[PDB]
Amino acid sequence: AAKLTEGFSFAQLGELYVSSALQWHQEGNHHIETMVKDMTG
Amino acid sequence: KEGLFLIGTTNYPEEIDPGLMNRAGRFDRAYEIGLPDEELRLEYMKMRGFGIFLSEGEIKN
Amino acid sequence: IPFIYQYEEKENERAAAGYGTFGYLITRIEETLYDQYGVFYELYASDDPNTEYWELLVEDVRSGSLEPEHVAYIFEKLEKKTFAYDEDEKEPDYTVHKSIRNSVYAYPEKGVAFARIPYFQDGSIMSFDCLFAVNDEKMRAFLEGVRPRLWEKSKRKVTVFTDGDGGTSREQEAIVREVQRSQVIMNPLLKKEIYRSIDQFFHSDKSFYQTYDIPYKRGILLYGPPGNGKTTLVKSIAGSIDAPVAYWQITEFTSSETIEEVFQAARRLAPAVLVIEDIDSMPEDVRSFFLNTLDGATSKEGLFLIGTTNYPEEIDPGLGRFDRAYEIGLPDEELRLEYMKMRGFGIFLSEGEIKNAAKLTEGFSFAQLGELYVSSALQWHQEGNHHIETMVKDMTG
């Protein structure tokens with residue numbers, strides 16, 4: 001995830017954390033690769 | 001300790017400070033409240049009371 | 001555990017400053033009310049900050065009403081008489097009557113009594129306003145009655161709010177001219193429509209609003225090209241309504257603060273019509289806040305707002321946040337003709353001459369028909385001759 005987050009601000013890595021946290025806490029599933037690719041686009 | 005839930009309103013989303021948006025703190029989701037479609041207009045007219053003086057067909061019309 | 005101050009007070013040093021005079025006056029006011037009415041009045045406000053019903057008291061005394069009875073003077077050698085005359089008001093009142101300060105008054109049927117107790121300090125003469133009642137139920141009924149009395153009294157008046165640097169200035173004015181509905185010169189179809197709201201809001205039973213579940217408020221915008229007499233029209237509409245009328249004069253001092261003052265003061269006269277002329281003159285930094293007072297989450301009821309603008313563009317950017325916006329154009333032939341009979345052309349013209357003059361005044365504003373009237377009047381009053389056809393043709397050119 002460090003490798004895929006090129007061009008990411010610290011804030012964006014933070015917003016990634018909160019959004020990735022719910023999913024793991026909601027769906028038992030984090031889906032970071034899906035979420036980094038969706039947050040870039 | 002323990003939680004403010006903020007709700008902001010605007011008729012002019014263009015004049016919004018963009019810093020407000022898509023952060024978990026500050027406003028993390030925005031929703032558009034748009035003109036009602038026909039099904040919703042018909043729903044509004046019924047609860048509002050148009051049925052007092054309008055027939056079921058006059059309201060549909 | 002030790003105490004620094006060990007001085008032991010004479011019992012004479014326990015006395016409360018000012019209480020010996022005040023408690024003595026209150027006791028005597030109560031003894032005197034008992035002697036005259038046979039009941040016991042109790043203090044309910046020792047220096048009442050409320051002014052509304054204290055102003056009703058003064059107007060009651062001033063106008064010779066039977067209801068408030070003069071019970072006693074407080075100090076033998078302070079004033080027993082006063083007069084309404086204040087040189088700062090527009091309309092002087094020369095009424096002379098018994099003083100309010102230095103007096104005790106009672107509304108004996110109401111069970112409520114008033115004493116304005118004088119005292120000396122820095123260096124003027126001031127007073128404690130003291131309110132008495134025979135029991136809690138009468139006190140409450142008296143308070144509940146204040147607003148309906150103020151309402152009836154303000155039907156008979158027009159209240160102007162002029163925004164200033166400190167705040168808004170309230171000014172009551174006599175209804176020197178009453179206005180019948182037949183004197184509202186206006187497009188008949190739209191006159192009919194507006195008066196449906198007005199008659200329901202002011203001249204009917206209020207049950208309509210509860211039956212259809214309809215907020216009890218309204219706001220209409222009257223717009224059109226300049227000189228179309230919008231202002232004279234709104235005053236004419238306002239004058240046809242059997243309810244207090246309040247005019248709000250936007251100035252360069254209008255802020256979100258004066259707005260709230262004016263609306264809270266009008267809302268005390270609810271139901272009332274609130275006239276707002278040239279709402280386009282208000283500063284652009286309060287306009288967002290202003291439109292919220294009419295439709296926001298905490299907007300209130302009881303007011304029928306009527307505004308006028310020449311720039312509908314700038315007031316209600318959604319043009320829509322007023323309930324309805326009506327265009328007032330220049331008068332067509334029949335309106336021009338109603339105008340001429342109401343303004344008094346029939347003084348010096350035959351009916352044929354009026355009909356004709358209505359016909360020749362195409363494109364005339366109401367103001368221009370007015371300026372025609374004054375100029376045509378002199379001639380008939382100066383030369384025995386009116387020469388309207390000559391004067392309309394000369395005023396167009």
# chains A, B, ... in the order shown; residues from 1 in each chain; ligands from 1
>>> residues_around(residues="range 42-49 of chain B", least_positions_apart="3", cutoff="7 Å", atoms="only C-alpha atoms", output="tab-separated table (two decimals) with N, CA, C and O atoms, in the first residue's frame")
chain	number	residue	atom	x	y	z
B	38	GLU	N	-42.37	13.02	-10.92
B	38	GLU	CA	-43.83	13.01	-10.88
B	38	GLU	C	-44.36	12.15	-9.74
B	38	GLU	O	-45.37	12.48	-9.11
B	39	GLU	N	-43.72	11.02	-9.48
B	39	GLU	CA	-44.18	10.15	-8.41
B	39	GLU	C	-44.12	10.87	-7.07
B	39	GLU	O	-45.04	10.76	-6.26
B	52	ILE	N	-58.54	16.86	-0.30
B	52	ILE	CA	-59.72	17.47	0.32
B	52	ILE	C	-60.68	17.97	-0.75
B	52	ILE	O	-61.91	17.87	-0.60
B	60	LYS	N	-53.89	13.06	-9.89
B	60	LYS	CA	-52.98	12.45	-10.85
B	60	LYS	C	-52.68	13.40	-12.01
B	60	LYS	O	-51.54	13.50	-12.47
C	212	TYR	N	-56.80	23.31	6.47
C	212	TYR	CA	-55.99	22.85	5.34
C	212	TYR	C	-54.53	22.65	5.72
C	212	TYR	O	-53.75	22.21	4.89
>>> interface_residues(of="chain A", to="chain B", cutoff="9 Å", atoms="only C-alpha atoms", output="list in words")
residues 11, 12, 15, 18 and 19 of chain A
>>> write_last_selection(atoms="N, CA, C and O atoms", output="CSV table (one decimal), in the first residue's frame")
chain,number,residue,atom,x,y,z
A,11,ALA,N,-2.8,13.8,4.3
A,11,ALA,CA,-4.3,13.8,4.5
A,11,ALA,C,-5.0,12.7,3.7
A,11,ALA,O,-5.8,12.0,4.2
A,12,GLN,N,-4.6,12.5,2.4
A,12,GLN,CA,-5.2,11.4,1.6
A,12,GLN,C,-4.9,10.1,2.2
A,12,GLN,O,-5.8,9.2,2.3
A,15,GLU,N,-7.4,9.9,5.0
A,15,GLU,CA,-8.8,9.6,4.5
A,15,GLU,C,-8.9,8.2,3.9
A,15,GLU,O,-9.9,7.6,4.1
A,18,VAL,N,-9.4,6.0,7.3
A,18,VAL,CA,-10.8,6.0,7.8
A,18,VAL,C,-11.7,5.2,6.9
A,18,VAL,O,-12.5,4.3,7.4
A,19,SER,N,-11.6,5.4,5.6
A,19,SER,CA,-12.5,4.7,4.7
A,19,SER,C,-12.2,3.2,4.6
A,19,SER,O,-13.1,2.3,4.4
>>> residues_around(residues="residue 327 in chain C", least_positions_apart="3", cutoff="9 Å", atoms="only C-alpha atoms", output="list in words")
residues 221, 222, 223, 224 and 225 of chain C
>>> select_by_dssp(residues="range 118-170 of chain C", states="alpha helix (DSSP H)", output="ChimeraX atom specification")
/C:136-155
>>> residues_around(residues="residue 341 in chain C", least_positions_apart="6", cutoff="10 Å", atoms="only C-alpha atoms", output="ChimeraX atom specification")
/C:347,351,354-355
>>> write_last_selection(atoms="C-alpha atoms", output="PDB file, in the first residue's frame")
ATOM      1  CA  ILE C 347     -64.355  68.691 -10.089  1.00  0.00           C
ATOM      2  CA  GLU C 351     -67.775  62.826 -17.801  1.00  0.00           C
ATOM      3  CA  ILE C 354     -62.835  62.364 -18.250  1.00  0.00           C
ATOM      4  CA  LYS C 355     -63.505  59.481 -20.631  1.00  0.00           C
TER       5      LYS C 355
END
>>> residues_around(residues="residue 7 in chain B", least_positions_apart="2", cutoff="12 Å", atoms="only C-alpha atoms", output="PyMOL selection string")
chain B and resi 4-5+9-10+20+26-31
>>> interface_residues(of="chain C", to="chain B", cutoff="12 Å", atoms="only C-alpha atoms", output="VMD selection string")
chain C and resid 210 to 215 288 292 296 to 297 317 to 318 321
>>> write_last_selection(atoms="N, CA, C and O atoms", output="PDB file, in the first residue's frame")
ATOM      1  N   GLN C 210     -55.999  26.094   9.960  1.00  0.00           N
ATOM      2  CA  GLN C 210     -55.894  24.803  10.635  1.00  0.00           C
ATOM      3  C   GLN C 210     -56.562  23.694   9.825  1.00  0.00           C
ATOM      4  O   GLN C 210     -56.061  22.563   9.793  1.00  0.00           O
ATOM      5  N   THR C 211     -57.650  24.021   9.119  1.00  0.00           N
ATOM      6  CA  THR C 211     -58.370  23.029   8.321  1.00  0.00           C
ATOM      7  C   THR C 211     -57.512  22.456   7.195  1.00  0.00           C
ATOM      8  O   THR C 211     -57.490  21.240   6.979  1.00  0.00           O
ATOM      9  N   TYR C 212     -56.797  23.308   6.467  1.00  0.00           N
ATOM     10  CA  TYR C 212     -55.986  22.853   5.344  1.00  0.00           C
ATOM     11  C   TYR C 212     -54.533  22.653   5.724  1.00  0.00           C
ATOM     12  O   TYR C 212     -53.745  22.206   4.890  1.00  0.00           O
ATOM     13  N   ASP C 213     -54.176  22.917   6.985  1.00  0.00           N
ATOM     14  CA  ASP C 213     -52.812  22.792   7.497  1.00  0.00           C
ATOM     15  C   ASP C 213     -51.853  23.643   6.660  1.00  0.00           C
ATOM     16  O   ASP C 213     -51.008  23.171   5.906  1.00  0.00           O
ATOM     17  N   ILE C 214     -52.040  24.947   6.801  1.00  0.00           N
ATOM     18  CA  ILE C 214     -51.355  25.936   5.984  1.00  0.00           C
ATOM     19  C   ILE C 214     -50.676  26.931   6.911  1.00  0.00           C
ATOM     20  O   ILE C 214     -51.344  27.519   7.766  1.00  0.00           O
ATOM     21  N   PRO C 215     -49.367  27.136   6.787  1.00  0.00           N
ATOM     22  CA  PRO C 215     -48.677  28.097   7.654  1.00  0.00           C
ATOM     23  C   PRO C 215     -49.347  29.460   7.607  1.00  0.00           C
ATOM     24  O   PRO C 215     -49.758  29.943   6.551  1.00  0.00           O
ATOM     25  N   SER C 288     -28.907  37.618   2.216  1.00  0.00           N
ATOM     26  CA  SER C 288     -28.991  36.183   2.468  1.00  0.00           C
ATOM     27  C   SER C 288     -29.678  35.922   3.803  1.00  0.00           C
ATOM     28  O   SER C 288     -30.603  35.105   3.896  1.00  0.00           O
ATOM     29  N   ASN C 292     -33.771  34.317   4.790  1.00  0.00           N
ATOM     30  CA  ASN C 292     -33.885  33.190   5.711  1.00  0.00           C
ATOM     31  C   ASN C 292     -34.944  33.430   6.782  1.00  0.00           C
ATOM     32  O   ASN C 292     -35.601  32.476   7.216  1.00  0.00           O
ATOM     33  N   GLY C 296     -36.550  30.225   6.431  1.00  0.00           N
ATOM     34  CA  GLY C 296     -35.584  29.334   7.041  1.00  0.00           C
ATOM     35  C   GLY C 296     -36.192  28.397   8.080  1.00  0.00           C
ATOM     36  O   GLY C 296     -37.382  28.438   8.393  1.00  0.00           O
ATOM     37  N   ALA C 297     -35.325  27.550   8.648  1.00  0.00           N
ATOM     38  CA  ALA C 297     -35.769  26.534   9.604  1.00  0.00           C
ATOM     39  C   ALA C 297     -36.416  27.134  10.849  1.00  0.00           C
ATOM     40  O   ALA C 297     -37.206  26.454  11.512  1.00  0.00           O
ATOM     41  N   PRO C 317     -33.241  36.147  -5.890  1.00  0.00           N
ATOM     42  CA  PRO C 317     -32.447  35.597  -6.996  1.00  0.00           C
ATOM     43  C   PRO C 317     -33.100  34.405  -7.680  1.00  0.00           C
ATOM     44  O   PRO C 317     -32.771  34.100  -8.832  1.00  0.00           O
ATOM     45  N   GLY C 318     -34.046  33.745  -7.014  1.00  0.00           N
ATOM     46  CA  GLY C 318     -34.734  32.627  -7.628  1.00  0.00           C
ATOM     47  C   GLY C 318     -35.854  33.009  -8.580  1.00  0.00           C
ATOM     48  O   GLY C 318     -36.839  32.275  -8.698  1.00  0.00           O
ATOM     49  N   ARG C 321     -38.513  32.962  -3.657  1.00  0.00           N
ATOM     50  CA  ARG C 321     -38.622  32.667  -2.237  1.00  0.00           C
ATOM     51  C   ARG C 321     -39.720  33.438  -1.511  1.00  0.00           C
ATOM     52  O   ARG C 321     -40.154  32.987  -0.446  1.00  0.00           O
TER      53      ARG C 321
END
>>> atom_distance(atom1="CA of residue 74 in chain C", atom2="CA of residue 110 in chain C")
22.1 Å
>>> residues_around(residues="residue 163 in chain C", least_positions_apart="5", cutoff="12 Å", atoms="only C-alpha atoms", output="number ranges by chain")
C: 168-171, 247-262, 282
>>> residues_around(residues="residue 366 in chain C", least_positions_apart="6", cutoff="9 Å", atoms="only C-alpha atoms", output="number ranges by chain")
C: 227-229, 330-331, 336, 339
>>> atom_distance(atom1="CA of residue 53 in chain C", atom2="CA of residue 269 in chain C")
14.2 Å
>>> decode(residues="range 2-38 of chain B", atoms="N, CA, C and O atoms", output="mmCIF file, in the first residue's frame")
data_model
loop_
_atom_site.group_PDB
_atom_site.id
_atom_site.type_symbol
_atom_site.label_atom_id
_atom_site.label_comp_id
_atom_site.auth_asym_id
_atom_site.auth_seq_id
_atom_site.Cartn_x
_atom_site.Cartn_y
_atom_site.Cartn_z
ATOM 1 N N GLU B 2 -19.246 14.370 23.413
ATOM 2 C CA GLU B 2 -19.188 13.172 22.562
ATOM 3 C C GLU B 2 -19.889 13.367 21.212
ATOM 4 O O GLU B 2 -21.061 13.002 21.063
ATOM 5 N N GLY B 3 -19.173 13.917 20.228
ATOM 6 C CA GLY B 3 -19.676 13.950 18.868
ATOM 7 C C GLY B 3 -20.556 15.128 18.510
ATOM 8 O O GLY B 3 -21.649 15.300 19.053
ATOM 9 N N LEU B 4 -20.071 15.957 17.600
ATOM 10 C CA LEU B 4 -20.902 16.909 16.893
ATOM 11 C C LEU B 4 -21.204 16.322 15.525
ATOM 12 O O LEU B 4 -20.297 15.845 14.837
ATOM 13 N N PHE B 5 -22.470 16.311 15.157
ATOM 14 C CA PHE B 5 -22.887 15.986 13.800
ATOM 15 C C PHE B 5 -23.249 17.298 13.117
ATOM 16 O O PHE B 5 -24.207 17.973 13.520
ATOM 17 N N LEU B 6 -22.478 17.670 12.098
ATOM 18 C CA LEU B 6 -22.725 18.912 11.377
ATOM 19 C C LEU B 6 -23.601 18.650 10.159
ATOM 20 O O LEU B 6 -23.442 17.637 9.472
ATOM 21 N N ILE B 7 -24.549 19.547 9.915
ATOM 22 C CA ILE B 7 -25.323 19.538 8.682
ATOM 23 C C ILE B 7 -25.268 20.933 8.074
ATOM 24 O O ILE B 7 -25.777 21.899 8.656
ATOM 25 N N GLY B 8 -24.654 21.037 6.905
ATOM 26 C CA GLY B 8 -24.559 22.290 6.188
ATOM 27 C C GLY B 8 -25.528 22.310 5.025
ATOM 28 O O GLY B 8 -25.857 21.274 4.448
ATOM 29 N N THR B 9 -25.951 23.503 4.669
ATOM 30 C CA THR B 9 -26.966 23.714 3.660
ATOM 31 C C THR B 9 -26.444 24.779 2.722
ATOM 32 O O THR B 9 -25.793 25.730 3.160
ATOM 33 N N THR B 10 -26.700 24.607 1.434
ATOM 34 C CA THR B 10 -26.404 25.672 0.496
ATOM 35 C C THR B 10 -27.306 25.515 -0.719
ATOM 36 O O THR B 10 -27.609 24.396 -1.143
ATOM 37 N N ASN B 11 -27.760 26.646 -1.239
ATOM 38 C CA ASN B 11 -28.361 26.730 -2.562
ATOM 39 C C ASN B 11 -27.332 27.061 -3.634
ATOM 40 O O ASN B 11 -27.700 27.226 -4.802
ATOM 41 N N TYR B 12 -26.056 27.163 -3.254
ATOM 42 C CA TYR B 12 -24.982 27.610 -4.141
ATOM 43 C C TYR B 12 -23.730 26.795 -3.862
ATOM 44 O O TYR B 12 -22.745 27.307 -3.310
ATOM 45 N N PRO B 13 -23.723 25.514 -4.245
ATOM 46 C CA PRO B 13 -22.534 24.680 -3.988
ATOM 47 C C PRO B 13 -21.261 25.245 -4.584
ATOM 48 O O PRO B 13 -20.173 24.972 -4.061
ATOM 49 N N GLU B 14 -21.367 26.060 -5.636
ATOM 50 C CA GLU B 14 -20.180 26.651 -6.248
ATOM 51 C C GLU B 14 -19.472 27.609 -5.287
ATOM 52 O O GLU B 14 -18.235 27.686 -5.284
ATOM 53 N N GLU B 15 -20.228 28.337 -4.454
ATOM 54 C CA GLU B 15 -19.627 29.297 -3.532
ATOM 55 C C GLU B 15 -19.130 28.659 -2.226
ATOM 56 O O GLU B 15 -18.763 29.387 -1.300
ATOM 57 N N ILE B 16 -19.074 27.335 -2.149
ATOM 58 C CA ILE B 16 -18.601 26.632 -0.960
ATOM 59 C C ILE B 16 -17.078 26.599 -0.950
ATOM 60 O O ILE B 16 -16.445 26.280 -1.965
ATOM 61 N N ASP B 17 -16.480 26.922 0.201
ATOM 62 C CA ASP B 17 -15.075 26.609 0.438
ATOM 63 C C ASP B 17 -14.817 25.133 0.130
ATOM 64 O O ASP B 17 -15.363 24.259 0.821
ATOM 65 N N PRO B 18 -13.996 24.815 -0.878
ATOM 66 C CA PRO B 18 -13.719 23.398 -1.178
ATOM 67 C C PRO B 18 -12.996 22.671 -0.054
ATOM 68 O O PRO B 18 -13.036 21.433 -0.009
ATOM 69 N N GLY B 19 -12.339 23.400 0.854
ATOM 70 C CA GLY B 19 -11.746 22.769 2.011
ATOM 71 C C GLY B 19 -12.751 22.066 2.887
ATOM 72 O O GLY B 19 -12.374 21.176 3.658
ATOM 73 N N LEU B 20 -14.031 22.435 2.781
ATOM 74 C CA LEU B 20 -15.054 21.819 3.621
ATOM 75 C C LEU B 20 -15.266 20.357 3.277
ATOM 76 O O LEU B 20 -15.669 19.576 4.141
ATOM 77 N N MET B 21 -15.002 19.961 2.038
ATOM 78 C CA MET B 21 -15.587 18.738 1.512
ATOM 79 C C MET B 21 -14.601 17.578 1.368
ATOM 80 O O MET B 21 -13.384 17.760 1.302
ATOM 81 N N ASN B 22 -15.178 16.372 1.324
ATOM 82 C CA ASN B 22 -14.495 15.065 1.333
ATOM 83 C C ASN B 22 -13.309 15.012 2.306
ATOM 84 O O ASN B 22 -12.202 14.576 1.969
ATOM 85 N N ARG B 23 -13.566 15.413 3.552
ATOM 86 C CA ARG B 23 -12.731 15.042 4.687
ATOM 87 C C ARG B 23 -13.637 14.426 5.750
ATOM 88 O O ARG B 23 -14.810 14.798 5.866
ATOM 89 N N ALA B 24 -13.102 13.468 6.513
ATOM 90 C CA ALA B 24 -13.914 12.778 7.517
ATOM 91 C C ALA B 24 -14.419 13.758 8.582
ATOM 92 O O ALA B 24 -15.632 13.881 8.811
ATOM 93 N N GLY B 25 -13.498 14.460 9.255
ATOM 94 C CA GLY B 25 -13.855 15.736 9.842
ATOM 95 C C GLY B 25 -14.242 16.712 8.754
ATOM 96 O O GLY B 25 -13.907 16.519 7.594
ATOM 97 N N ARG B 26 -14.947 17.777 9.122
ATOM 98 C CA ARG B 26 -15.632 18.585 8.113
ATOM 99 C C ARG B 26 -16.671 17.697 7.426
ATOM 100 O O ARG B 26 -17.092 16.693 8.004
ATOM 101 N N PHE B 27 -17.095 18.033 6.207
ATOM 102 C CA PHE B 27 -18.196 17.337 5.536
ATOM 103 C C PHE B 27 -17.649 16.244 4.622
ATOM 104 O O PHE B 27 -16.975 16.536 3.631
ATOM 105 N N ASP B 28 -17.940 14.983 4.953
ATOM 106 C CA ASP B 28 -17.382 13.856 4.215
ATOM 107 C C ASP B 28 -18.304 13.322 3.134
ATOM 108 O O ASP B 28 -17.832 12.597 2.254
ATOM 109 N N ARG B 29 -19.592 13.648 3.178
ATOM 110 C CA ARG B 29 -20.512 13.290 2.109
ATOM 111 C C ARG B 29 -21.416 14.476 1.823
ATOM 112 O O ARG B 29 -21.746 15.252 2.722
ATOM 113 N N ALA B 30 -21.775 14.636 0.554
ATOM 114 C CA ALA B 30 -22.693 15.677 0.122
ATOM 115 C C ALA B 30 -23.826 15.021 -0.648
ATOM 116 O O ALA B 30 -23.616 14.014 -1.328
ATOM 117 N N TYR B 31 -25.035 15.567 -0.507
ATOM 118 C CA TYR B 31 -26.208 15.033 -1.187
ATOM 119 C C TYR B 31 -26.934 16.151 -1.917
ATOM 120 O O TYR B 31 -27.116 17.251 -1.383
ATOM 121 N N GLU B 32 -27.351 15.868 -3.141
ATOM 122 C CA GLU B 32 -28.122 16.826 -3.911
ATOM 123 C C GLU B 32 -29.607 16.632 -3.635
ATOM 124 O O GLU B 32 -30.117 15.509 -3.714
ATOM 125 N N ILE B 33 -30.289 17.719 -3.288
ATOM 126 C CA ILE B 33 -31.734 17.706 -3.076
ATOM 127 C C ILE B 33 -32.354 18.420 -4.271
ATOM 128 O O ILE B 33 -32.345 19.656 -4.348
ATOM 129 N N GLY B 34 -32.891 17.642 -5.216
ATOM 130 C CA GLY B 34 -33.328 18.168 -6.491
ATOM 131 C C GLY B 34 -34.843 18.241 -6.635
ATOM 132 O O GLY B 34 -35.609 17.839 -5.762
ATOM 133 N N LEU B 35 -35.261 18.779 -7.782
ATOM 134 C CA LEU B 35 -36.678 18.905 -8.074
ATOM 135 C C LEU B 35 -37.338 17.532 -7.986
ATOM 136 O O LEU B 35 -36.708 16.526 -8.319
ATOM 137 N N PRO B 36 -38.576 17.446 -7.507
ATOM 138 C CA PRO B 36 -39.235 16.136 -7.408
ATOM 139 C C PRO B 36 -39.700 15.635 -8.768
ATOM 140 O O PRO B 36 -40.189 16.399 -9.605
ATOM 141 N N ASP B 37 -39.564 14.329 -8.975
ATOM 142 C CA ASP B 37 -40.160 13.722 -10.151
ATOM 143 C C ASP B 37 -41.674 13.631 -9.955
ATOM 144 O O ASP B 37 -42.221 14.080 -8.947
ATOM 145 N N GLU B 38 -42.367 13.024 -10.920
ATOM 146 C CA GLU B 38 -43.826 13.010 -10.881
ATOM 147 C C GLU B 38 -44.358 12.148 -9.740
ATOM 148 O O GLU B 38 -45.370 12.482 -9.109
#
